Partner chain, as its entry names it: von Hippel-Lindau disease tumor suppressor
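Only one chain is included here, represented as structure tokens and corresponding to the form solved without the partner chain.
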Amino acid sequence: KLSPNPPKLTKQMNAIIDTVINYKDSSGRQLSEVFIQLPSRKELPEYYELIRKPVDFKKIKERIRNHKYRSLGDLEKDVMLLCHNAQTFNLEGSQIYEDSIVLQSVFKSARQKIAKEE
């Protein structure tokens, strides 16, 4: 039986992503900043050539709003993809690559705290 996303579920998804977006490291840097929006096609076409399924946090929020994720697992898949793409395009040890590893962890913590699924 297909059915709409319960408002409870949508609110959880938004709280989890807000936690990830709002996260600041110990120096006060908001790690999500560069990841909110993809590079433009014009300025970085090689990104769109190398990366099969580009995604940014703007698109993830839109997919929540449009009820494209049907589960926390769907949401996780897109956040993991975002981070995977970062680690695909960017060099090991770069700030962006390292940040993406932290954000994966922040996501997994936020999901545990906010959904309490265990």
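C-alpha atoms forming the largest set that superposes within 1.5 Å between two forms make up the rigid core. Positions refer to the first chain, counted from 1. Residues that one form lacks are left out of the comparison.
What comes next is about the form solved in complex with the partner chain, which does not appear here.
Trainee: So, in the deposited complex, is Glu46 in contact with the partner chain at a 4.5 angstroms heavy atom limit?
Mentor: Yes - in the deposited complex, heavy atoms of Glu46 and the partner chain come within 4.5 Å of each other.
Trainee: Check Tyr69 for me: does it contact the partner chain in the deposited complex (non-hydrogen atoms, 4.5 angstroms)?
Mentor: Heavy-atom contact with the partner chain at 4.5 Å: absent for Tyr69.
Trainee: Please identify, after superposing on the rigid core, every run of 3 or more consecutive residues whose C-alpha atoms all shift by 2 Å or more between the shown form and the other one, listing them in sequence order.
Mentor: CA shift runs, sequence order: 1 to 4, 114 to 118.
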